[PDB]
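Worksheet: one structure, shown below.
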Amino acid sequence: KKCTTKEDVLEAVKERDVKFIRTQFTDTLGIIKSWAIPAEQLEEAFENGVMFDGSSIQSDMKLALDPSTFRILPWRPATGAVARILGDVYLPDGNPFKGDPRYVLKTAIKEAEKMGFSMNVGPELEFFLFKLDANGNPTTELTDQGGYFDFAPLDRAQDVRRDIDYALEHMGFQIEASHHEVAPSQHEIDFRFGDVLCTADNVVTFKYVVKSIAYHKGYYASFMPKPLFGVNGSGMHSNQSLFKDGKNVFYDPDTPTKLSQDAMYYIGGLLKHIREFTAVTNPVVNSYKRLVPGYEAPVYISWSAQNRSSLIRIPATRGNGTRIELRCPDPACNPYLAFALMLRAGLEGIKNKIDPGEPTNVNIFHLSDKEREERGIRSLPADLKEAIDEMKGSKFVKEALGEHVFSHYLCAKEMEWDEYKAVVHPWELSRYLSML
Amino acid sequence: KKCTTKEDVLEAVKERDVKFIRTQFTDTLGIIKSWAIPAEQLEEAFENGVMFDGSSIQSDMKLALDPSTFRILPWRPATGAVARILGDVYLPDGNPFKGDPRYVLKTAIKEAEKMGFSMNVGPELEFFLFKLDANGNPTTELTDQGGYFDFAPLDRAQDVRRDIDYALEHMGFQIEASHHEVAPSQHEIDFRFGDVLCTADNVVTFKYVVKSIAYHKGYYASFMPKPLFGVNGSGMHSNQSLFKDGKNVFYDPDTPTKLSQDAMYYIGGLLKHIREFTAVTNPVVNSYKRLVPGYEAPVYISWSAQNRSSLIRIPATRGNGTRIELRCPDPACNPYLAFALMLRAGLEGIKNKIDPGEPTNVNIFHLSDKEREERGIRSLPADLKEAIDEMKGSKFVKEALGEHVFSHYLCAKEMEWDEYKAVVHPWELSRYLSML
Amino acid sequence: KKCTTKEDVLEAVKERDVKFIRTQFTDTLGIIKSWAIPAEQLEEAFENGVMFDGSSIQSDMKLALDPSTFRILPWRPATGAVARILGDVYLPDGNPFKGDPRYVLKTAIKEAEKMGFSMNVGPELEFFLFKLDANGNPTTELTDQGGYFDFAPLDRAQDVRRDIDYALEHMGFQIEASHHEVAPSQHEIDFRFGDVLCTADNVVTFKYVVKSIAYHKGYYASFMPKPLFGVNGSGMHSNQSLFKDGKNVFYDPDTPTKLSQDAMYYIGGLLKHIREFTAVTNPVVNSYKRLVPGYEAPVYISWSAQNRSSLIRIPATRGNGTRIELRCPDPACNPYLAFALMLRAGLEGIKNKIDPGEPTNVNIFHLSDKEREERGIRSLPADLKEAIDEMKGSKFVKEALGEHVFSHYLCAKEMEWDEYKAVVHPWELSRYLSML
């Protein structure tokens with residue numbers, strides 16, 4: 001069932017014999033942070049909250065648990081049941097901490113509600129399933145050579161996949177559909193189209209649930225945006241819709257395309273502002289190894305209805321199911337920041353009535369540079385450094401994320417890029433050692 | 001029992017505790033495609049259908065499930081039962097998608113009904129049973145050195161074979177007979193007569209059921225037309241019969257051969273048109289390593305009653321069991337397209353009163369080229385490129401398969417052949433490195 | 001249940017079928033010492049005590065068991081339950097032995113009680129979790145690459161950590177929180193406040209309980225202050241508070257910082273005297289490998305409220321939760337001696353009204369040597385030899401610990417340092433063999 005009050009949580013813990021409670025939160029960079037609490041401490045934690053270190057996020061912070069987020073993890077140790085819970089971070093003086101990505105998403109939700117809109121997001125997460133070495137360390141050994149939508153694997157990896165699906169279903173995730181992806185040993189899982197906050201929490205839970213199941217079954221699940229060269233990467237498309245007064249606002253039966261003017265303004269705002277938070281949507285270096293021409297990943301800023309290579313795709317579904325799909329993000333991104341920025345950009349586009357321009361129904365990759373210049377088609381940042389440079393001068397991103405998160409994210413990404421740029425890769429040795 | 005209405009399917013799911021439903025369909029090239037659906041979503045899927053990407057077949061189409069095709073897979077995971085289901089593909093505007101091979105077969109059946117006939121097909125499927133390496137990858141290691149109809153194997157591979165047979169029987173396949181084949185580790189399974197659509201669906205299910213059982217028992221089942229050199233290949237003979245008014249059309253007690261004129265016209269049409277869709281019946285490059293003189297595989301276009309090596313053979317059975325066996329296809333072919341083209345060619349031959357000519361009762365291989373030229377005995381295409389060239393100019397094949405499937409199949413096969421033709425094989429190194 | 005009298009202990013042993021009783025005590029250097037006693041001998045031991053060798057501590061002594069310290073160890077051998085017990089050491093003439101660290105702590109507690117104060121300590125213990133080799137010997141291979149507060153590990157090491165936590169809760173430790181630490185494979189566990197004697201006994205039990213669990217699950221738990229170079233070390237921070245008449249002495253609502261003058265004098269005394277027993281707080285050579293600039297370990301004598309890099313930190317909590325945290329000690333230290341010296345230093349500071357000086361709210365590591373000289377920021381011993389030299393001339397430490405313990409500890413540490421200083425390390429060979 002659904003737990004609402006802390007009394008319900010206590011009753012569930014006593015009834016099902018939950019021995020340990022794990023908090024759950026994410027830092028600025030998207031890493032999942034957690035710590036364990038004994039079951040007896042739960043009542044005191046509900047009464048007064050738990051003190052902890054804010055340096056894990058960014059220095060003493062108080063966490064106030066949220067009973068509505070209580071859920072039981074889908075494994076049963078012989079000791080007892082295990083459950084997780086979320087909450088809000090407060091400063092010692094009582095003010096909420098503005099460095100929490102969840103707080104950023106909540107502020108974005110409040111800004112949206114100020115105009116009466118609410119967002120529902122259904123993401124599509126893709127991941128790989130590799131083998132483990134003799135020492136249990138992760139590797140890149142493939143498990144099958146299947147293709148798109150193939151009925152594979154059929155060995156024990158099939159049992160592992162079925163176990164993952166059943167574990168996800170056991171928590172009430174309400175999975176839409178799961179299938180093989182284009183690359184070998186690549187799988188995709190579609191989430192139910194639902195509220196944005198619950199969706200972000202479900203994604204965060206999903207990542208480590210899948211990783212733990214993969215370990216316990218003897219395999220490895222990876223979320224790298226591009227773990228292998230020559231095959232498709234892993235992306236996280238974000239279907240979204242806005243609802244006012246319980247009705248979808250993107251649907252307009254009186255228009256030839258069955259789309260309202262608000263949807264046009266939303267698309268225009270997203271197209272205008274996507275360059276600035278491309279760094280947020282693609283937070284690691286590998287993400288830009290994924291974003292290269294010649295695959296399903298989009299590298300040009302355009303929107304279309306029938307075309308699939310466009311950055312923003314509008315599915316043929318209409319009515320209450322009308323949605324807009326953004327194909328840039330990858331699973332390595334922080335869901336809270338990405339969703340908050342996407343919502344804020346869409347709202348700014350709607351408010352300012354930004355025209356999205358004509359759609360691109362042709363294959364952009366087949367066009368020439370002169371054609372792209374004539375049509376005025378821009379491209380996403382080529383590497384992480386360019387994305388950081390674009391983000392630095394963006395006042396909109398700074399306003400949306402706040403000073404603290406903006407500065408910390410920029411510093412961390414800058415240090416990571418500086419560390420990366422000075423390495424000598426074996427490819428350079430292979431190409432240059434004998435030639436020079 | 002047999003499920004006919006969605007209420008029966010729901011009742012069976014609730015009764016036997018089925019947790020996952022897997023759709024089933026095949027692309028143009030014959031690869032089996034599928035995706036999973038949670039049991040709770042089944043009612044909504046029945047009510048409205050499921051959206052999915054049509055790029056797997058050939059871009060968004062809706063699948064409408066068919067309750068009559070519901071069946072439970074013959075393995076019991078500890079989590080719960082697993083079942084599969086089939087359906088029809090519809091475009092968003094509501095029109096059926098013409099690129100589905102199942103739709104092609106349905107159109108062929110509709111044409112046969114227009115002329116008042118129905119076809120029953122019982123195929124003979126042959127496959128190999130190899131060993132897996134230490135890493136679980138497929139190999140070509142033999143399991144026994146038995147011969148034709150031998151009582152082999154007798155080790156644990158015998159238990160694996162018996163398990164395969166029992167699993168097939170548990171699904172209601174109603175197998176006729178199963179025996180060892182001529183080549184070592186080669187086995188054959190025969191099907192009963194039934195409706196052609198049901199037979200194609202059964203074959204499609206058969207392939208992955210056998211492969212899954214082979215993995216789970218530690219072996220590998222291969223359907224390559226010719227996996228080893230110097231031994232017989234694997235073929236899929238197709239016994240067929242036309243039924244009108246509940247009685248066999250082919251049987252005619254008044255003729256000396258006990259065959260009706262309609263059977264003669266059917267054979268004539270098949271002989272006339274087989275060369276054009278030989279590419280469809282033999283889709284991969286390896287299929288033509290099997291169509292070489294010196295084995296049971298036929299390479300000359302002829303029909304006979306007593307000769308066992310002819311392309312078209314008439315078994316001595318008469319009455320309702322009267323049938324025509326075509327010995328060209330191999331298990332790698334797409335059953336839907338092959339059966340549709342075969343039925344259409346036979347129907348055209350019946351319509352046009354095509355005379356099949358005199359049967360060949362001698363050994364064609366033992367004859368000379370001058371004798372074959374004198375008798376006008378044509379031969380099947382020697383390589384995939386020749387088959388593609390023959391198929392490209394065939395108006396009848398394009399008319400039967402439709403423009404979309406025709407073009408996509410030709411493009412895929414052309415790309416595959418172009419990739420293959422530029423490879424340097426180790427045989428060339430072994431033969432020419434020292435000599436030149 | 002809380003056991004008070006020996007009759008309760010005997011009844012519990014009979015009821016729960018405890019077959020073996022293990023004594024528990026520590027030597028001067030902090031090693032845990034124990035020996036086994038059959039269950040039938042327990043009544044005679046309670047009546048008359050147990051004779052044993054005092055050379056293990058420092059030669060015939062008598063141990064008088066304390067029934068209030070009876071606990072049952074958290075594992076269940078098939079033979080029967082196992083329990084541990086503590087007691088006081090007496091000379092044959094009946095006088096208590098002054099060489100027992102527990103007696104030193106008891107004398108410190110009595111000295112505090114002379115002024116009506118009582119102390120509560122909650123320590124934060126950090127440890128590593130390595131893999132065992134093929135022969136079951138401790139090694140230093142990491143189990144995960146997690147970071148601060150990361151939700152790691154997710155393989156069987158997760159089960160090992162959960163088992164450790166469950167055993168600790170089962171014994172009645174009342175753990176506050178347990179989480180991953182900054183360094184890979186490093187974990188931290190926090191205790192609740194309690195009387196200092198019980199806390200020290202709990203820590204001593206905790207060490208070997210965790211080690212035994214780690215062995216029995218196939219891993220190794222290490223308490224080395226710095227097992228790896230380039231990563232954070234393991235420390236044991238000590239949160240302490242003084243209570244008078246059931247109220248917290250430190251908390252003063254009237255002062256702007258909400259700290260009483262007594263707390264200021266306590267901090268002043270600690271800052272004055274920390275240099276002289278730094279050797280006791282850091283007993284081994286490796287501890288001074290941990291104490292290097294550039295990590296969380298403090299190397300300068302200072303106190304701060306907001307800066308968290310100081311030697312003494314004041315958490316933002318107030319009221320009865322007011323506490324003072326000292327960050328120099330490491331898990332290798334002897335808890336009894338460390339706590340006794342902390343209490344003695346604090347009480348001496350309170351008696352003499354020592355002013356703690358102005359707090360340091362800036363980053364000390366970023367200042368220059370001239371700056372720190374102007375500020376008068378003194379430093380901790382760089383190596384064990386310097387710490388021994390400082391401790392030798394300390395009258396306060398000698399009078400606090402007694403002549404016997406002082407002399408024995410100095411001799412042991414001097415011998416260890418003399419043995420260490422004459423070794424030739426492989427780093428010297430790597431740097432100097434080729435160069436010279």
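Chain lettering (A, B, ...) mirrors the order of the structure tokens, residue numbering begins at 1 for each chain separately, and ligand numbering begins at 1 in order of display.
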Do you have, as JSON lines, the list of residues of chain A lying at most 8 Å from chain B, each with its nearest atom pair and that distance in Å to one decimal, counting only C-alpha atoms and ordered by chain then number?
{"residue": "A:148", "atom": "CA", "partner": "B:56", "partner_atom": "CA", "distance": 6.1}
{"residue": "A:149", "atom": "CA", "partner": "B:33", "partner_atom": "CA", "distance": 5.3}
{"residue": "A:150", "atom": "CA", "partner": "B:33", "partner_atom": "CA", "distance": 4.6}
{"residue": "A:151", "atom": "CA", "partner": "B:34", "partner_atom": "CA", "distance": 5.3}
{"residue": "A:154", "atom": "CA", "partner": "B:212", "partner_atom": "CA", "distance": 5.1}
{"residue": "A:155", "atom": "CA", "partner": "B:215", "partner_atom": "CA", "distance": 5.3}
{"residue": "A:156", "atom": "CA", "partner": "B:216", "partner_atom": "CA", "distance": 7.2}
{"residue": "A:163", "atom": "CA", "partner": "B:79", "partner_atom": "CA", "distance": 8.0}
{"residue": "A:166", "atom": "CA", "partner": "B:79", "partner_atom": "CA", "distance": 7.8}
{"residue": "A:169", "atom": "CA", "partner": "B:38", "partner_atom": "CA", "distance": 7.9}
{"residue": "A:175", "atom": "CA", "partner": "B:38", "partner_atom": "CA", "distance": 7.2}
{"residue": "A:176", "atom": "CA", "partner": "B:37", "partner_atom": "CA", "distance": 6.9}
{"residue": "A:177", "atom": "CA", "partner": "B:37", "partner_atom": "CA", "distance": 5.4}
{"residue": "A:178", "atom": "CA", "partner": "B:36", "partner_atom": "CA", "distance": 5.5}
{"residue": "A:179", "atom": "CA", "partner": "B:35", "partner_atom": "CA", "distance": 4.8}
{"residue": "A:180", "atom": "CA", "partner": "B:35", "partner_atom": "CA", "distance": 7.6}
{"residue": "A:306", "atom": "CA", "partner": "B:59", "partner_atom": "CA", "distance": 7.2}
{"residue": "A:315", "atom": "CA", "partner": "B:60", "partner_atom": "CA", "distance": 7.7}
{"residue": "A:316", "atom": "CA", "partner": "B:60", "partner_atom": "CA", "distance": 7.1}
{"residue": "A:317", "atom": "CA", "partner": "B:92", "partner_atom": "CA", "distance": 7.9}
Would you list the contacts of residue 112 of chain A as a ChimeraX atom specification, taking every protein, DNA or RNA residue within 8 Å and counting only C-alpha atoms, but skipping same-chain residues closer than 5 positions in sequence?
-> /A:117-118,343-344,347
Could you check how far atom CA of residue 335 of chain B sits from atom CA of residue 121 of chain B, in Å to one decimal?
-> 10.8 Å
Contacts of residue 276 of chain A within 10 Å, only C-alpha atoms, excl. fewer than 4 positions in-chain, as a PDB file with N, CA and C atoms, in the first residue's frame:
ATOM      1  N   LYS A 272      16.068  27.273 -27.579  1.00  0.00           N
ATOM      2  CA  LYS A 272      16.883  28.449 -27.301  1.00  0.00           C
ATOM      3  C   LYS A 272      17.902  28.175 -26.204  1.00  0.00           C
ATOM      4  N   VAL A 280      24.917  20.161 -17.995  1.00  0.00           N
ATOM      5  CA  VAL A 280      24.163  19.450 -16.969  1.00  0.00           C
ATOM      6  C   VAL A 280      23.578  18.161 -17.528  1.00  0.00           C
ATOM      7  N   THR A 281      22.988  18.223 -18.724  1.00  0.00           N
ATOM      8  CA  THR A 281      22.412  17.016 -19.305  1.00  0.00           C
ATOM      9  C   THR A 281      23.470  15.982 -19.667  1.00  0.00           C
ATOM     10  N   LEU A 341      16.015  22.174 -14.776  1.00  0.00           N
ATOM     11  CA  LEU A 341      16.427  23.072 -15.846  1.00  0.00           C
ATOM     12  C   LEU A 341      15.505  22.958 -17.051  1.00  0.00           C
ATOM     13  N   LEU A 380      25.297  21.049 -30.916  1.00  0.00           N
ATOM     14  CA  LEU A 380      25.602  20.942 -29.502  1.00  0.00           C
ATOM     15  C   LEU A 380      27.104  21.084 -29.274  1.00  0.00           C
ATOM     16  N   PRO A 381      27.517  21.413 -28.050  1.00  0.00           N
ATOM     17  CA  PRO A 381      28.952  21.516 -27.763  1.00  0.00           C
ATOM     18  C   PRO A 381      29.681  20.218 -28.071  1.00  0.00           C
ATOM     19  N   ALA A 387      31.146  22.917 -23.443  1.00  0.00           N
ATOM     20  CA  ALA A 387      29.903  22.996 -22.683  1.00  0.00           C
ATOM     21  C   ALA A 387      30.083  23.824 -21.418  1.00  0.00           C
ATOM     22  N   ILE A 388      31.205  23.642 -20.722  1.00  0.00           N
ATOM     23  CA  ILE A 388      31.472  24.428 -19.522  1.00  0.00           C
ATOM     24  C   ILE A 388      31.589  25.903 -19.872  1.00  0.00           C
ATOM     25  N   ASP A 389      32.284  26.212 -20.968  1.00  0.00           N
ATOM     26  CA  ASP A 389      32.417  27.602 -21.391  1.00  0.00           C
ATOM     27  C   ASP A 389      31.058  28.210 -21.711  1.00  0.00           C
ATOM     28  N   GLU A 390      30.193  27.452 -22.387  1.00  0.00           N
ATOM     29  CA  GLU A 390      28.851  27.944 -22.679  1.00  0.00           C
ATOM     30  C   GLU A 390      28.054  28.169 -21.400  1.00  0.00           C
ATOM     31  N   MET A 391      28.155  27.240 -20.448  1.00  0.00           N
ATOM     32  CA  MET A 391      27.402  27.353 -19.203  1.00  0.00           C
ATOM     33  C   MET A 391      27.876  28.521 -18.352  1.00  0.00           C
ATOM     34  N   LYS A 392      29.173  28.832 -18.390  1.00  0.00           N
ATOM     35  CA  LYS A 392      29.721  29.846 -17.496  1.00  0.00           C
ATOM     36  C   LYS A 392      29.082  31.208 -17.736  1.00  0.00           C
ATOM     37  N   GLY A 393      28.882  31.576 -18.995  1.00  0.00           N
ATOM     38  CA  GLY A 393      28.313  32.862 -19.329  1.00  0.00           C
ATOM     39  C   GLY A 393      26.804  32.925 -19.323  1.00  0.00           C
ATOM     40  N   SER A 394      26.128  31.848 -18.935  1.00  0.00           N
ATOM     41  CA  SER A 394      24.670  31.791 -18.967  1.00  0.00           C
ATOM     42  C   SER A 394      24.119  32.298 -17.641  1.00  0.00           C
ATOM     43  N   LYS A 395      23.454  33.453 -17.675  1.00  0.00           N
ATOM     44  CA  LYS A 395      22.836  33.979 -16.464  1.00  0.00           C
ATOM     45  C   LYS A 395      21.562  33.224 -16.109  1.00  0.00           C
ATOM     46  N   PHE A 396      20.874  32.668 -17.108  1.00  0.00           N
ATOM     47  CA  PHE A 396      19.645  31.928 -16.839  1.00  0.00           C
ATOM     48  C   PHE A 396      19.920  30.683 -16.007  1.00  0.00           C
ATOM     49  N   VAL A 397      20.977  29.943 -16.346  1.00  0.00           N
ATOM     50  CA  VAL A 397      21.326  28.750 -15.581  1.00  0.00           C
ATOM     51  C   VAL A 397      21.719  29.127 -14.161  1.00  0.00           C
TER      52      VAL A 397
END
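Of the listed residues A:87, A:357, A:30, A:116, the one whose atoms come nearest to residue 302 of chain A is A:357, with distances taken using only C-alpha atoms.
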Going by DSSP on the backbone, which bits of segment 31-169 of chain C are alpha helix (DSSP H)? Write them as a PyMOL selection string, please.
-> chain C and resi 42-48+101-114+156-169
Considering only C-alpha atoms, state which residue in the set C:402, C:74, C:321, C:268 is at the smallest distance from residue 108 of chain C.
->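 Closest residue, counting only C-alpha atoms: C:402.
The gap separating atom CA of residue 239 of chain A from atom CA of residue 122 of chain A is 5.2 Å, in Å to one decimal.
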If you count only C-alpha atoms, which residues fall within 12 Å of residue 318 of chain A, apart from same-chain ones fewer than 6 positions away, as a PDB file with C-alpha atoms, in the first residue's frame?
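The result, written out as around.pdb:
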ATOM      1  CA  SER A 241       3.910  17.035 -20.639  1.00  0.00           C
ATOM      2  CA  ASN A 248      -3.068  18.257 -20.964  1.00  0.00           C
ATOM      3  CA  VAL A 249      -2.191  21.676 -22.385  1.00  0.00           C
ATOM      4  CA  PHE A 250      -0.075  20.412 -25.294  1.00  0.00           C
ATOM      5  CA  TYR A 251      -3.095  18.827 -27.006  1.00  0.00           C
ATOM      6  CA  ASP A 252      -5.159  21.051 -29.313  1.00  0.00           C
ATOM      7  CA  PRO A 253      -7.799  19.283 -31.445  1.00  0.00           C
ATOM      8  CA  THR A 255      -4.809  22.561 -34.994  1.00  0.00           C
ATOM      9  CA  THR A 257      -0.682  19.113 -36.013  1.00  0.00           C
ATOM     10  CA  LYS A 258      -2.906  18.599 -32.932  1.00  0.00           C
ATOM     11  CA  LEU A 259      -0.519  20.770 -30.894  1.00  0.00           C
ATOM     12  CA  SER A 260      -1.294  23.926 -28.944  1.00  0.00           C
ATOM     13  CA  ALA A 305       7.424  15.032 -35.907  1.00  0.00           C
ATOM     14  CA  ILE A 324       7.505  15.957 -25.994  1.00  0.00           C
TER      15      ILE A 324
ATOM     16  CA  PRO B  92      -1.355   5.421 -36.201  1.00  0.00           C
ATOM     17  CA  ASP B  93      -4.030   6.339 -38.755  1.00  0.00           C
TER      18      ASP B  93
END
Just the residues within 12 Å of residue 376 of chain B, please, counting only C-alpha atoms, with nothing from its chain fewer than 5 positions along; format it as a PyMOL selection string.
-> chain B and resi 300-302+357-358+360+364+369-371
Quick one: everything within 9 Å of residue 404 of chain B, counting only C-alpha atoms, minus sequence neighbours fewer than 2 positions away in the same chain. Send it as a count of residues only.
-> 9
Skipping near chain neighbours, those fewer than 3 positions away, what residues fall within 10 Å of residue 365 of chain C using only C-alpha atoms, listed as a ChimeraX atom specification?
-> /C:293-294,298-300,309,362,368-369,372
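Rounded to one decimal, atom CA of residue 204 of chain A and atom CA of residue 226 of chain A lie 20.0 Å from each other.
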From the list B:421, B:244, B:21, B:5, the nearest residue to residue 165 of chain A using only C-alpha atoms is B:21
With only C-alpha atoms as the atoms that count, which of C:13, C:279, C:73, C:160 lies nearest to residue 202 of chain C?
-> C:73
Step one, run DSSP on the backbone; step two, keep only residues of segment 263-363 of chain C assigned to strand (DSSP E); then write them as a ChimeraX atom specification.
-> /C:303-304,312-313,324-326
